[PDB]
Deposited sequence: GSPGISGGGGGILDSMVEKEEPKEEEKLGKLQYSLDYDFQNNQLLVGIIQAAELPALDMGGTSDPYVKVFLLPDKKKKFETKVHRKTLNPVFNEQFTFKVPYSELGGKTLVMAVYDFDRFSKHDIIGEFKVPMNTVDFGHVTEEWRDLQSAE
């Protein structure tokens, strides 16, 4: 019994994001909207979340949202732009990872998820809530 429970996805919160490829300017648009039900990693029963967003395997443009202090349900409302030609997009993977900011210690990663660009239906704004995966 316990072995199956151990294989289940742990409740590490969820992140809502939006995605759209701008064929007019030839850039991938990423909207980091909000996160919910994040686990508390600090003593004050909270975390200081922020999101790192980038594209594998390149990741030349390492983006980070502002840090939202003392909250397990932050609303980021941030947008990022990756100037990548559509033809180059197929082989890439968009990575989104939520970290707990700490001024004096290594920032702990809370969770992440990946979006293979070849699974994305473009020419339509994609928007979804994704459960964070253990990293």
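A.B. asks: Mind pulling out the bits of the deposited sequence that never got modelled, as residue ranges from 1?
C.D. replies: Counting from residue 1, the stretches without coordinates are 1-8, 18-25, 152.
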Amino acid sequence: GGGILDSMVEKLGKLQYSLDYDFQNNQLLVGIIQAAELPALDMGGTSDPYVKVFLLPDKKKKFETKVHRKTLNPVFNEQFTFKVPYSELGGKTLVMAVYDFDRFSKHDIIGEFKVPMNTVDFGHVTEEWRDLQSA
From here on, numbers count along this sequence of modelled residues.
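A.B. asks: Comparing 86-94 with 45-53, which stretch shows the greater average C-alpha B-factor in the deposited entry?
C.D. replies: That would be 86-94.
A.B. asks: Per the PDB record, is the mean Cα temperature factor higher over 56-64 or over 32-40?
C.D. replies: Higher mean C-alpha B-factor in the PDB entry: 56-64.
A.B. asks: Compare the CA B factors listed in the entry for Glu112, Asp121, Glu10, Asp22 and report the winner.
C.D. replies: Going by the entry's C-alpha B-factors, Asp121 comes out highest.
A.B. asks: Would you please rank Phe104 by its C-alpha temperature factor against the other modelled residues of its chain and give the third it falls in: lowest, middle or highest?
C.D. replies: For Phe104, whose C-alpha B-factor we compare with every modelled residue in the chain, the answer is the highest third.
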